[PDB]
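> If it helps, the file is called data_27.pdb and holds PDB, C-alpha atoms and all ligand atoms:
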ATOM      1  CA  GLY F   1      98.610  74.314  60.966
ATOM      2  CA  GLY F   2      98.496  77.908  62.147
ATOM      3  CA  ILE F   3      98.998  81.462  60.899
ATOM      4  CA  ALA F   4     101.955  83.669  61.836
ATOM      5  CA  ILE F   5     101.339  87.416  61.573
ATOM      6  CA  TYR F   6     103.707  90.384  61.578
ATOM      7  CA  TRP F   7     102.557  93.287  63.741
ATOM      8  CA  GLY F   8     104.049  96.731  64.325
ATOM      9  CA  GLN F   9     104.658  98.558  61.043
ATOM     10  CA  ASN F  10     101.426 100.551  60.823
ATOM     11  CA  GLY F  11      99.884 102.383  63.759
ATOM     12  CA  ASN F  12      96.408 101.900  62.283
ATOM     13  CA  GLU F  13      96.496  98.086  62.346
ATOM     14  CA  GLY F  14      95.335  97.894  65.956
ATOM     15  CA  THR F  15      96.958  97.037  69.282
ATOM     16  CA  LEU F  16      98.846  93.800  69.907
ATOM     17  CA  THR F  17      96.063  92.820  72.308
ATOM     18  CA  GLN F  18      93.347  93.248  69.674
ATOM     19  CA  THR F  19      95.552  91.428  67.159
ATOM     20  CA  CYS F  20      95.852  88.304  69.305
ATOM     21  CA  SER F  21      92.246  88.417  70.489
ATOM     22  CA  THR F  22      91.100  87.828  66.909
ATOM     23  CA  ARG F  23      91.920  84.167  67.575
ATOM     24  CA  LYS F  24      93.250  83.943  64.017
ATOM     25  CA  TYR F  25      96.984  83.940  64.729
ATOM     26  CA  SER F  26      99.118  81.289  66.433
ATOM     27  CA  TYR F  27     102.331  83.322  66.239
ATOM     28  CA  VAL F  28     103.014  87.058  66.333
ATOM     29  CA  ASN F  29     106.271  88.672  65.195
ATOM     30  CA  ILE F  30     106.817  92.194  66.539
ATOM     31  CA  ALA F  31     108.411  94.239  63.748
ATOM     32  CA  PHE F  32     111.002  95.520  63.971
ATOM     33  CA  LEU F  33     114.257  95.930  65.870
ATOM     34  CA  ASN F  34     115.755  97.457  62.725
ATOM     35  CA  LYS F  35     118.872  98.987  64.260
ATOM     36  CA  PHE F  36     121.793  97.283  65.993
ATOM     37  CA  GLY F  37     125.328  96.044  65.410
ATOM     38  CA  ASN F  38     128.651  97.741  64.673
ATOM     39  CA  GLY F  39     128.457  99.793  67.864
ATOM     40  CA  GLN F  40     124.979 101.207  67.235
ATOM     41  CA  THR F  41     122.518 101.599  70.103
ATOM     42  CA  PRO F  42     119.797  98.986  69.478
ATOM     43  CA  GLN F  43     116.548 100.695  68.480
ATOM     44  CA  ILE F  44     113.069  99.328  67.881
ATOM     45  CA  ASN F  45     110.586 100.771  65.387
ATOM     46  CA  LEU F  46     106.854 100.178  65.746
ATOM     47  CA  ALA F  47     105.725 102.844  63.278
ATOM     48  CA  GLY F  48     102.874 104.939  64.666
ATOM     49  CA  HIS F  49     102.014 102.524  67.481
ATOM     50  CA  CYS F  50     104.323 104.043  70.098
ATOM     51  CA  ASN F  51     107.626 105.896  70.496
ATOM     52  CA  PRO F  52     110.185 103.583  72.193
ATOM     53  CA  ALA F  53     112.256 106.462  73.597
ATOM     54  CA  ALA F  54     111.687 107.075  77.314
ATOM     55  CA  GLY F  55     109.761 103.824  77.712
ATOM     56  CA  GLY F  56     106.983 104.983  75.416
ATOM     57  CA  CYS F  57     106.461 101.435  74.146
ATOM     58  CA  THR F  58     106.612  99.590  77.472
ATOM     59  CA  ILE F  59     102.809  99.403  77.257
ATOM     60  CA  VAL F  60     103.233  96.630  74.680
ATOM     61  CA  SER F  61     103.907  94.228  77.575
ATOM     62  CA  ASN F  62     100.162  94.062  78.183
ATOM     63  CA  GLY F  63      99.628  92.763  74.661
ATOM     64  CA  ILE F  64     102.542  90.351  74.878
ATOM     65  CA  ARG F  65     101.151  88.800  78.066
ATOM     66  CA  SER F  66      97.607  88.822  76.700
ATOM     67  CA  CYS F  67      98.807  86.895  73.640
ATOM     68  CA  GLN F  68     100.875  84.433  75.667
ATOM     69  CA  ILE F  69      98.040  83.522  78.041
ATOM     70  CA  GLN F  70      96.143  82.629  74.865
ATOM     71  CA  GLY F  71      98.902  80.197  73.914
ATOM     72  CA  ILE F  72     100.314  82.522  71.260
ATOM     73  CA  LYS F  73     104.100  82.746  70.918
ATOM     74  CA  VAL F  74     105.472  86.261  70.484
ATOM     75  CA  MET F  75     108.886  86.938  68.928
ATOM     76  CA  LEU F  76     110.911  90.117  68.446
ATOM     77  CA  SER F  77     111.677  90.384  64.730
ATOM     78  CA  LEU F  78     115.209  91.517  63.869
ATOM     79  CA  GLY F  79     115.761  93.393  60.621
ATOM     80  CA  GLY F  80     112.993  94.063  58.138
ATOM     81  CA  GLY F  81     112.992  95.891  54.828
ATOM     82  CA  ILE F  82     114.465  99.077  56.293
ATOM     83  CA  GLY F  83     117.343  99.520  58.722
ATOM     84  CA  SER F  84     121.085  99.812  59.254
ATOM     85  CA  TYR F  85     121.013  96.629  61.324
ATOM     86  CA  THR F  86     124.135  94.487  61.008
ATOM     87  CA  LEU F  87     126.815  92.418  62.755
ATOM     88  CA  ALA F  88     130.450  93.508  62.433
ATOM     89  CA  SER F  89     131.949  90.425  64.088
ATOM     90  CA  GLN F  90     131.356  87.320  66.191
ATOM     91  CA  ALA F  91     131.903  89.526  69.238
ATOM     92  CA  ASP F  92     129.183  91.835  67.946
ATOM     93  CA  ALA F  93     126.904  88.789  67.717
ATOM     94  CA  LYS F  94     127.591  88.014  71.377
ATOM     95  CA  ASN F  95     126.953  91.615  72.446
ATOM     96  CA  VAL F  96     123.645  91.710  70.560
ATOM     97  CA  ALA F  97     122.617  88.332  71.984
ATOM     98  CA  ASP F  98     123.274  89.537  75.544
ATOM     99  CA  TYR F  99     121.407  92.752  74.743
ATOM    100  CA  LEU F 100     118.377  90.809  73.534
ATOM    101  CA  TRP F 101     118.538  88.578  76.613
ATOM    102  CA  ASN F 102     118.522  91.436  79.128
ATOM    103  CA  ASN F 103     116.077  93.648  77.217
ATOM    104  CA  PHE F 104     113.572  91.248  75.643
ATOM    105  CA  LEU F 105     114.126  87.874  77.283
ATOM    106  CA  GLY F 106     114.970  86.486  80.722
ATOM    107  CA  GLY F 107     117.702  89.000  81.520
ATOM    108  CA  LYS F 108     117.540  92.384  83.251
ATOM    109  CA  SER F 109     117.525  95.999  82.060
ATOM    110  CA  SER F 110     116.343  99.370  83.376
ATOM    111  CA  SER F 111     115.148 100.259  79.885
ATOM    112  CA  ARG F 112     113.473  97.242  78.267
ATOM    113  CA  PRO F 113     111.936  98.714  75.055
ATOM    114  CA  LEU F 114     108.676  96.761  75.302
ATOM    115  CA  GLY F 115     108.389  96.326  79.066
ATOM    116  CA  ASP F 116     108.918  93.566  81.627
ATOM    117  CA  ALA F 117     107.184  90.916  79.508
ATOM    118  CA  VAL F 118     109.449  88.055  78.432
ATOM    119  CA  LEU F 119     109.180  87.358  74.711
ATOM    120  CA  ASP F 120     109.010  83.733  73.592
ATOM    121  CA  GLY F 121     111.837  84.116  71.094
ATOM    122  CA  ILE F 122     113.688  86.050  68.408
ATOM    123  CA  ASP F 123     112.789  86.223  64.702
ATOM    124  CA  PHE F 124     115.463  86.639  62.008
ATOM    125  CA  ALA F 125     114.234  88.888  59.188
ATOM    126  CA  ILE F 126     117.663  89.796  57.812
ATOM    127  CA  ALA F 127     117.211  91.027  54.242
ATOM    128  CA  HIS F 128     120.414  93.023  53.734
ATOM    129  CA  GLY F 129     123.740  94.135  55.153
ATOM    130  CA  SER F 130     125.988  91.566  56.814
ATOM    131  CA  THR F 131     125.945  88.002  55.489
ATOM    132  CA  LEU F 132     128.092  86.738  58.366
ATOM    133  CA  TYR F 133     127.758  86.091  62.106
ATOM    134  CA  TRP F 134     124.008  85.439  62.035
ATOM    135  CA  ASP F 135     124.718  81.788  62.841
ATOM    136  CA  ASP F 136     126.772  82.898  65.851
ATOM    137  CA  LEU F 137     123.905  85.072  67.077
ATOM    138  CA  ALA F 138     121.588  82.080  66.779
ATOM    139  CA  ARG F 139     123.988  79.915  68.789
ATOM    140  CA  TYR F 140     124.400  82.495  71.540
ATOM    141  CA  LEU F 141     120.659  83.111  71.800
ATOM    142  CA  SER F 142     119.982  79.375  71.870
ATOM    143  CA  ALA F 143     122.528  78.882  74.665
ATOM    144  CA  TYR F 144     120.310  81.041  76.871
ATOM    145  CA  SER F 145     117.547  78.429  76.801
ATOM    146  CA  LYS F 146     119.674  76.245  79.085
ATOM    147  CA  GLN F 147     118.989  78.659  81.948
ATOM    148  CA  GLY F 148     115.431  77.400  82.264
ATOM    149  CA  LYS F 149     113.110  78.930  79.681
ATOM    150  CA  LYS F 150     113.327  78.058  75.982
ATOM    151  CA  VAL F 151     114.240  80.936  73.704
ATOM    152  CA  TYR F 152     112.412  80.236  70.449
ATOM    153  CA  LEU F 153     114.250  80.957  67.206
ATOM    154  CA  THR F 154     112.380  81.774  64.008
ATOM    155  CA  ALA F 155     113.426  83.032  60.582
ATOM    156  CA  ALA F 156     111.865  84.806  57.605
ATOM    157  CA  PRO F 157     114.254  84.055  54.705
ATOM    158  CA  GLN F 158     113.606  85.113  51.097
ATOM    159  CA  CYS F 159     112.248  82.246  48.996
ATOM    160  CA  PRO F 160     115.323  81.975  46.751
ATOM    161  CA  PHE F 161     117.150  78.960  48.203
ATOM    162  CA  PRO F 162     119.583  79.068  49.766
ATOM    163  CA  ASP F 163     119.117  82.404  51.541
ATOM    164  CA  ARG F 164     122.168  84.649  51.196
ATOM    165  CA  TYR F 165     121.891  85.955  54.767
ATOM    166  CA  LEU F 166     120.161  83.202  56.751
ATOM    167  CA  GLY F 167     121.444  80.080  55.003
ATOM    168  CA  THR F 168     124.264  79.362  57.454
ATOM    169  CA  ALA F 169     122.128  80.198  60.488
ATOM    170  CA  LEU F 170     119.401  77.821  59.300
ATOM    171  CA  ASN F 171     122.019  75.117  58.721
ATOM    172  CA  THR F 172     122.659  75.017  62.479
ATOM    173  CA  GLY F 173     119.305  73.313  62.924
ATOM    174  CA  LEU F 174     118.571  75.606  65.864
ATOM    175  CA  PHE F 175     115.458  77.182  64.336
ATOM    176  CA  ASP F 176     111.979  76.179  65.492
ATOM    177  CA  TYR F 177     109.881  77.940  62.869
ATOM    178  CA  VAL F 178     110.868  79.144  59.417
ATOM    179  CA  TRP F 179     108.374  81.207  57.436
ATOM    180  CA  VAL F 180     109.814  81.574  53.945
ATOM    181  CA  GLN F 181     108.802  84.735  52.097
ATOM    182  CA  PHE F 182     107.276  83.717  48.765
ATOM    183  CA  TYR F 183     106.914  87.273  47.436
ATOM    184  CA  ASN F 184     109.099  90.116  46.104
ATOM    185  CA  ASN F 185     111.018  87.310  44.394
ATOM    186  CA  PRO F 186     109.770  86.459  40.852
ATOM    187  CA  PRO F 187     111.612  83.112  40.513
ATOM    188  CA  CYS F 188     109.861  81.542  43.510
ATOM    189  CA  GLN F 189     106.545  83.362  43.957
ATOM    190  CA  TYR F 190     103.030  82.976  42.589
ATOM    191  CA  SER F 191     102.189  84.340  39.145
ATOM    192  CA  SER F 192      98.679  84.597  37.669
ATOM    193  CA  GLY F 193      97.731  81.039  36.750
ATOM    194  CA  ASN F 194     101.155  79.616  37.585
ATOM    195  CA  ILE F 195     101.976  77.902  40.879
ATOM    196  CA  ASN F 196     104.960  75.922  39.556
ATOM    197  CA  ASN F 197     107.631  78.323  40.819
ATOM    198  CA  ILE F 198     106.285  78.570  44.357
ATOM    199  CA  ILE F 199     105.679  74.820  44.641
ATOM    200  CA  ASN F 200     109.152  74.035  43.299
ATOM    201  CA  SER F 201     110.557  76.481  45.851
ATOM    202  CA  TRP F 202     108.502  74.949  48.658
ATOM    203  CA  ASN F 203     109.877  71.502  47.801
ATOM    204  CA  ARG F 204     113.446  72.797  48.081
ATOM    205  CA  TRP F 205     112.875  74.403  51.484
ATOM    206  CA  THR F 206     111.102  71.388  52.983
ATOM    207  CA  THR F 207     113.728  68.927  51.733
ATOM    208  CA  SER F 208     116.894  70.605  53.003
ATOM    209  CA  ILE F 209     117.184  72.659  56.195
ATOM    210  CA  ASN F 210     116.356  71.021  59.515
ATOM    211  CA  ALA F 211     113.857  73.110  61.461
ATOM    212  CA  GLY F 212     110.795  72.465  63.582
ATOM    213  CA  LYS F 213     108.208  73.571  61.036
ATOM    214  CA  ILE F 214     108.199  75.467  57.737
ATOM    215  CA  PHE F 215     105.527  78.036  56.856
ATOM    216  CA  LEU F 216     104.320  79.553  53.582
ATOM    217  CA  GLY F 217     104.923  83.300  53.785
ATOM    218  CA  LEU F 218     102.636  85.487  51.684
ATOM    219  CA  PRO F 219     101.425  89.099  51.345
ATOM    220  CA  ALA F 220      98.061  89.616  53.066
ATOM    221  CA  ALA F 221      96.960  91.863  50.198
ATOM    222  CA  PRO F 222      98.038  93.224  46.786
ATOM    223  CA  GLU F 223      99.248  96.371  48.556
ATOM    224  CA  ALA F 224     101.318  94.387  51.071
ATOM    225  CA  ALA F 225     104.068  93.675  48.544
ATOM    226  CA  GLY F 226     105.354  94.674  45.121
ATOM    227  CA  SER F 227     104.529  91.222  43.780
ATOM    228  CA  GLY F 228     103.610  87.705  44.847
ATOM    229  CA  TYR F 229     100.034  88.152  46.054
ATOM    230  CA  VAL F 230      97.889  85.012  45.803
ATOM    231  CA  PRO F 231      94.081  85.317  45.718
ATOM    232  CA  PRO F 232      92.415  83.385  48.598
ATOM    233  CA  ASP F 233      90.637  80.930  46.289
ATOM    234  CA  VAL F 234      93.878  80.065  44.484
ATOM    235  CA  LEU F 235      95.778  79.456  47.721
ATOM    236  CA  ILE F 236      92.934  77.329  49.078
ATOM    237  CA  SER F 237      92.230  75.182  46.011
ATOM    238  CA  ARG F 238      95.661  74.932  44.377
ATOM    239  CA  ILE F 239      98.538  75.708  46.745
ATOM    240  CA  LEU F 240      97.482  74.521  50.215
ATOM    241  CA  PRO F 241      96.316  71.083  48.978
ATOM    242  CA  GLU F 242      99.908  70.405  47.884
ATOM    243  CA  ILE F 243     102.212  72.019  50.461
ATOM    244  CA  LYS F 244     100.179  70.591  53.346
ATOM    245  CA  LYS F 245     101.337  67.132  52.258
ATOM    246  CA  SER F 246     104.788  67.823  53.703
ATOM    247  CA  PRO F 247     105.221  66.622  57.312
ATOM    248  CA  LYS F 248     107.233  69.796  57.967
ATOM    249  CA  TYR F 249     104.277  72.002  57.026
ATOM    250  CA  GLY F 250     103.665  74.451  59.858
ATOM    251  CA  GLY F 251     101.080  76.732  58.306
ATOM    252  CA  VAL F 252     101.008  80.191  56.740
ATOM    253  CA  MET F 253     102.779  83.481  57.508
ATOM    254  CA  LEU F 254     101.328  86.864  56.544
ATOM    255  CA  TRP F 255     102.605  90.389  56.017
ATOM    256  CA  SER F 256     100.947  92.080  57.603
ATOM    257  CA  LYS F 257      98.255  92.709  60.225
ATOM    258  CA  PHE F 258      97.349  96.035  58.608
ATOM    259  CA  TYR F 259      96.898  94.500  55.161
ATOM    260  CA  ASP F 260      95.227  91.397  56.533
ATOM    261  CA  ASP F 261      92.461  93.618  57.929
ATOM    262  CA  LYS F 262      91.873  95.572  54.717
ATOM    263  CA  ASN F 263      91.821  92.411  52.601
ATOM    264  CA  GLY F 264      90.275  89.979  55.086
ATOM    265  CA  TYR F 265      92.821  87.339  54.120
ATOM    266  CA  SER F 266      93.092  85.270  57.305
ATOM    267  CA  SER F 267      89.303  85.376  57.679
ATOM    268  CA  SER F 268      89.020  83.668  54.291
ATOM    269  CA  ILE F 269      91.832  81.113  54.606
ATOM    270  CA  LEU F 270      92.067  80.426  58.361
ATOM    271  CA  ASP F 271      90.322  77.037  58.400
ATOM    272  CA  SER F 272      92.236  75.822  55.341
ATOM    273  CA  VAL F 273      95.611  76.492  56.964
TER     274      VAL F 273
HETATM  275  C1  LIG T 301     109.964  90.124  57.471
HETATM  276  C2  LIG T 301     110.209  91.241  56.471
HETATM  277  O1  LIG T 301     111.352  91.472  56.072
HETATM  278  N1  LIG T 301     109.145  91.928  56.069
HETATM  279  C3  LIG T 301     109.237  92.840  54.943
HETATM  280  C4  LIG T 301     108.583  94.174  55.342
HETATM  281  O2  LIG T 301     109.464  94.886  56.200
HETATM  282  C5  LIG T 301     108.232  95.064  54.139
HETATM  283  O3  LIG T 301     107.311  96.085  54.564
HETATM  284  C6  LIG T 301     107.799  97.369  54.729
HETATM  285  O4  LIG T 301     108.587  97.389  55.932
HETATM  286  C7  LIG T 301     109.104  98.700  56.252
HETATM  287  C8  LIG T 301     109.974  98.550  57.488
HETATM  288  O5  LIG T 301     110.990  97.578  57.286
HETATM  289  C9  LIG T 301     107.948  99.674  56.472
HETATM  290  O6  LIG T 301     108.456 100.981  56.808
HETATM  291  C10 LIG T 301     107.705 101.663  57.748
HETATM  292  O7  LIG T 301     106.816 102.544  57.063
HETATM  293  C11 LIG T 301     105.860 103.134  57.963
HETATM  294  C12 LIG T 301     104.859 103.902  57.118
HETATM  295  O8  LIG T 301     105.480 104.980  56.436
HETATM  296  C13 LIG T 301     106.576 104.005  59.006
HETATM  297  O9  LIG T 301     105.616 104.401  60.005
HETATM  298  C14 LIG T 301     105.592 105.730  60.389
HETATM  299  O10 LIG T 301     106.643 105.924  61.345
HETATM  300  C15 LIG T 301     106.715 107.282  61.832
HETATM  301  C16 LIG T 301     107.911 107.361  62.760
HETATM  302  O11 LIG T 301     109.037 106.702  62.204
HETATM  303  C17 LIG T 301     105.408 107.664  62.536
HETATM  304  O12 LIG T 301     105.470 109.016  62.962
HETATM  305  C18 LIG T 301     104.228 107.472  61.580
HETATM  306  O13 LIG T 301     103.009 107.715  62.269
HETATM  307  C19 LIG T 301     104.234 106.043  61.031
HETATM  308  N2  LIG T 301     103.165 105.879  60.064
HETATM  309  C20 LIG T 301     102.278 104.895  60.205
HETATM  310  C21 LIG T 301     101.330 104.650  59.042
HETATM  311  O14 LIG T 301     102.201 104.196  61.219
HETATM  312  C22 LIG T 301     107.721 103.228  59.692
HETATM  313  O15 LIG T 301     108.522 104.136  60.430
HETATM  314  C23 LIG T 301     108.603 102.458  58.694
HETATM  315  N3  LIG T 301     109.468 101.540  59.416
HETATM  316  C24 LIG T 301     110.781 101.747  59.485
HETATM  317  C25 LIG T 301     111.601 100.700  60.221
HETATM  318  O16 LIG T 301     111.340 102.726  58.990
HETATM  319  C26 LIG T 301     107.088  99.737  55.207
HETATM  320  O17 LIG T 301     105.964 100.575  55.431
HETATM  321  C27 LIG T 301     106.610  98.328  54.851
HETATM  322  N4  LIG T 301     105.858  98.355  53.611
HETATM  323  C28 LIG T 301     104.685  97.732  53.528
HETATM  324  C29 LIG T 301     103.987  97.736  52.177
HETATM  325  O18 LIG T 301     104.156  97.167  54.485
HETATM  326  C30 LIG T 301     107.571  94.247  53.033
HETATM  327  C31 LIG T 301     107.313  95.056  51.776
HETATM  328  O19 LIG T 301     106.581  94.303  50.821
HETATM  329  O20 LIG T 301     108.422  93.150  52.669
HETATM  330  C32 LIG T 301     108.552  92.200  53.729
HETATM  331  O21 LIG T 301     109.329  91.155  53.260
END
In structure tokens, what does this structure look like?


Amino acid sequence: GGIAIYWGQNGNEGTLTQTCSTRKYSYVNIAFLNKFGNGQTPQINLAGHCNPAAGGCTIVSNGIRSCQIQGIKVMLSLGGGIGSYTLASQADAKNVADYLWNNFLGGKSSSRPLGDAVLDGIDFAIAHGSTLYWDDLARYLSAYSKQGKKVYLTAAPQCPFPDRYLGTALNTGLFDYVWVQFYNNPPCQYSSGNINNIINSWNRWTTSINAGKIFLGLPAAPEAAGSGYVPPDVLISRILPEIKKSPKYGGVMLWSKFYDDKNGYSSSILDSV
């Protein structure tokens, strides 16, 4: 399979162009659009990379196009660990979908946060807030694909199945790629010497929801998460040999680019994914 990487939450992790030119990632999720819904003005946060206000982040279009020409699919990640992002109603879902279309997809806007580049899709990283209307948002976004260009739909649900926020949305069967987060969740993550919980969790995710492919989400380094880190050798010799048996196996997802560099994770596991 391939590796999906999250980019954008640390200005020292390099440009999007450099990130994709490493030839180690097949998918890149731009994190994050952490503010929207309930009447709020949508706002993107790319840490120290750029300031979105006044088109300060429109330069990212160069990276987006550079990645795409390399066959890499780039999605705008909604949510994240921090943010007042939410959906107050089904109408709110429609408004946000149209916003995303005109500002990040095939629509039109005089203030597209990341430039004129057309992202490949939208990533759902909803970890808190509203538990409703996310399935509506998925449906509305998906409906836009009928205009000519496919709007990819991906999701980063917590490993505890089913996911409290993305369960209904994933039940629609509209998602192409689902990278489950097997960390920051003791019941379904790796523990020194024990891979039972993560494997048992993987079996539940691959034998339920209907999506294109399912990925194994992990922290790129011990510092990347509070818990759940899996040493490269363990992943390679114990975990990958098992999860890769599933026909739905898509590969591995990593948080994040910054921590991948400091730990050299993808460089160690790439070929085994
Ligand atoms: C898919 C998913 O849900 N992923 C989870 C991760 O989100 C989570 O990692 C933590 O994510 C939050 C954002 O959600 C991130 O917060 C960011 O922190 C940086 C560093 O302090 C801030 O960057 C600074 O921004 C200011 C302006 O706002 C700049 O002036 C300054 O230069 C920036 N500094 C740097 C170093 O660039 C961001 O502003 C802030 N983002 C937001 C939206 O507020 C945390 O840092 C992430 N923590 C880690 C360890 O990466 C992860 C945690 O394990 O869990 C995933 O599931």

> Using all atoms listed in the file, can you tell me which of F:145, F:196, F:45, F:70 comes closest to residue 22 of chain F?

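Distance minimum relative to residue 22 of chain F lands on F:70.
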
> Once the PyMOL selection byres (((chain F and resi 37-44) around 8) and not hetatm) is applied to the coordinates I shared, what remains selected? I want it as a ChimeraX atom specification.

/F:32-36,45-46,52,85-88,92-93,96,113

> Check which residues fall inside 7 Å of ligand LIG 301 (chain T) when counting all atoms listed in the file, and print them as a VMD selection string.

chain F and resid 9 to 12 32 34 45 to 49 79 to 83 125 to 127 156 181 184 223 to 226 255 to 256

> I'd like to see the residues matched by the PyMOL selection byres (((chain F and resi 228-238) around 12) and not hetatm) on this file, and ideally I'd get them as a PyMOL selection string.

chain F and resi 159+181-199+216-227+239-244+252+254-255+259-260+263-273

> In Å, how far is it from atom CA of residue 21 of chain F to atom CA of residue 257 of chain F?

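Computing it gives 12.6 Å between the two atoms.
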
> Nearest to residue 100 of chain F: which of F:67, F:137, F:170, F:209 is it, counting only C-alpha atoms?

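For residue 100 of chain F, the nearest of the candidates is F:137.
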